[PDB]
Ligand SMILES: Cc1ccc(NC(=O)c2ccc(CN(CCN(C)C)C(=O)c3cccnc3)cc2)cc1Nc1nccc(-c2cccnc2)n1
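Here's a solo chain for you in structure tokens, the form deposited without the named molecule.
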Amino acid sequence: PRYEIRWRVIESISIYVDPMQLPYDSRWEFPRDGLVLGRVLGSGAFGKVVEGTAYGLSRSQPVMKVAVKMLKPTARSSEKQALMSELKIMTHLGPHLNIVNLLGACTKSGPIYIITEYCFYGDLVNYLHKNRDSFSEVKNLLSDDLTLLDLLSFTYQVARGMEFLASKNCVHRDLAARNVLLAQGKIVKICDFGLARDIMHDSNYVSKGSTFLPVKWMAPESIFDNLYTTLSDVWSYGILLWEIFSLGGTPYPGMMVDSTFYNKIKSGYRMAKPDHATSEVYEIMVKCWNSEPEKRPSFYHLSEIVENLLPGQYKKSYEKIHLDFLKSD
């Protein structure tokens, strides 16, 4: 077992892109001297993510806080290769406002560093736990100045980030609130934060076969048939929405994951409406949990549905932030 990003890019359908055969664009190379490493953000079985300060990484932000992914110093050569593969996948996908973007890398001599965007508020689970008891207000949704509109904002941005990944034929395969970070301005950023975890000793991951999988977040066809698609990501999106509107509850609370659980879900059991979900939001969840994958809504359609649940002025505010992101270099 080794660390590996869970994302997979579809090459063709009758086939996944082999990230080892992708090129590494040396334009991402950043001098190690320009990085000052700081405190740990998360530490897992194979490596860690740490805060850092990057000097001259951005012409517009010559001193910038970043996050840095790295392996333990004992990492085998096959483990380093997987970090290269993650680097190549991020280069291949390109940037979007609602993913944790690649900013640079140190690959030339010594340990491999992946330099990514830093997300001030951390992961969505901890953010919801911090602000659970608190549950120009509309204008302050997308700023640093909890309400139902905050939850709907998170819901919308994850759909836009996921719509982007799907447009690149990328399947996440571990979409969950622990893999959604919140950056400055309450901007949602989807990622794979697995480097910060030990899935062999994590109650969110369950021994199945020769590995540990996020079964409570997985569509039936992924559990039984090992089939992962953008439509199985949609199922996980519905489970993620349950996390959000339960303000950080664990899915299927009090239920143990075992053979009984798999067949129960397969037989049609679904989670009840979380306490702070509206009827419109719960109907979205129910649609995402269709047994037939092709009955599940696309992320493009999900973005359209959720946008219509938000104030009109929210959409303009989002596109101003999105415009700033596209113009910034």
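The numbering used is simple: start at 1 and walk along the sequence shown. We call the rigid core the largest set of C-alpha positions that still match within 1.5 Å between the two forms.
Here the subject shifts to the form deposited with the named molecule bound, a form of this protein not shown in this document.
A.B. asks: Does this chain block the named molecule or leave room for it once its pose in the bound PDB entry is superposed onto the site C-alphas (blocked: 3 or more ligand atoms within 2.4 Å of backbone or C-beta; open: none)?
C.D. replies: Output flag = blocked.
A.B. asks: Is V158 close enough to the named molecule in the bound PDB entry to count, meaning some heavy atom within 4.5 Å?
C.D. replies: It does not: once the named molecule is placed as it appears in the bound PDB entry, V158 has no heavy atom within 4.5 Å of it.
A.B. asks: How about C288 - does it come within 4.5 Å of the named molecule in the bound PDB entry, if we only consider non-hydrogen atoms?
C.D. replies: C288: no, not in contact with the named molecule in the bound PDB entry.
A.B. asks: Using a 4.5 Å heavy atom cut-off, state whether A54 contacts the named molecule in the bound PDB entry.
C.D. replies: Contact check for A54: no, nothing within 4.5 Å of the named molecule in the bound PDB entry.
A.B. asks: Does the 4.5 Å heavy atom contact test between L241 and the named molecule in the bound PDB entry come out positive?
C.D. replies: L241: no, not in contact with the named molecule in the bound PDB entry.
A.B. asks: So which of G185, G122, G110, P253 gets a non-hydrogen atom within 4.5 Å of the named molecule in the bound PDB entry?
C.D. replies: Spelling it out, the residue with a heavy atom inside the cut-off is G122.
A.B. asks: Note which of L128, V234, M218, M90 lies within 4.5 Å of the named molecule in the bound PDB entry, where distance is taken over heavy atoms; exactly one does.
C.D. replies: Partner contact (heavy atom, 4.5 Å) among the options: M90.
A.B. asks: Based on heavy atom distances of 4.5 Å or less, which listed stretch (254 to 262, 92 to 100, 209 to 217, 147 to 155) is in contact with the named molecule in the bound PDB entry?
C.D. replies: That would be 92 to 100.
A.B. asks: All three of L41, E86 and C170 touching the named molecule in the bound PDB entry at 4.5 Å, heavy atom to heavy atom?
C.D. replies: The answer is yes; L41, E86 and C170 each reach the named molecule.
A.B. asks: Using a 4.5 Å cut-off on any heavy atom, which residues of 68 to 85 would contact the named molecule in the bound PDB entry?
C.D. replies: The stretch touches the partner through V68, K69.
A.B. asks: For the set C106, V234, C191, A196, which residue undergoes a C-alpha shift of 2 Å or more between this form and the one not shown, given alignment on the rigid core?
C.D. replies: Among the listed residues, the outlier is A196.
A.B. asks: Would you tell me if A75 moves between this form and the one not shown by 2 Å or more at its C-alpha, with the rigid core held superposed?
C.D. replies: Result for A75: yes, a 2 Å-plus shift.
A.B. asks: Pin down for me whether the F120-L195 Cα distance shrinks or grows in the bound PDB entry relative to this form (closer or farther, change of 3 Å or more).
C.D. replies: Compared with the form shown here, the C-alpha atoms of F120 and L195 sit farther apart in the bound PDB entry, by 3 Å or more.
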